[PDB]
Amino acid sequence: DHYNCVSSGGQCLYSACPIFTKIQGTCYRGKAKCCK
Ligand SMILES: [Br-]
Ligand SMILES: [Br-]
Ligand SMILES: [Br-]
């Protein structure tokens with residue numbers, strides 16, 4: 001979720017995860033990715 005995402009050093013994004021990151025969680029009732 002957003003809290004764990006940001007806490008552990010990720011970013012919540014609806015779009016694809018940017019270059020040099022990958023999906024490592026979810027945010028926003030499951031509709032966004034946690035990228036890191
Ligand atoms: Br964020
Ligand atoms: Br992605
Ligand atoms: Br997460």
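Residue numbers count from 1 along this sequence. All values below were derived from every heavy atom in this structure, side-chain atoms included, with hydrogens, water molecules and symmetry-related copies excluded.
In terms of heavy-atom proximity, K33 sits nearest to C27 at O-SG, 4.0 Å. Taking each heavy atom of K22 and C17 in turn, the nearest pair found is C-SG, 3.7 Å. Taking every heavy atom of both residues into account, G9 and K36 meet most closely at O-CG, 3.6 Å. Here the closest non-hydrogen pair linking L13 and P18 is CD1-CD, 3.5 Å.
Remark: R29 CZ to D1 CG distance equals 8.5 Å, nearest 0.5 Å. One distance of note links SG of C35 with CD1 of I23; it measures 6.5 Å at 0.5 Å rounding. To the nearest 0.5 Å, atom SG of residue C12 and atom OH of residue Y3 are 13.5 Å apart.
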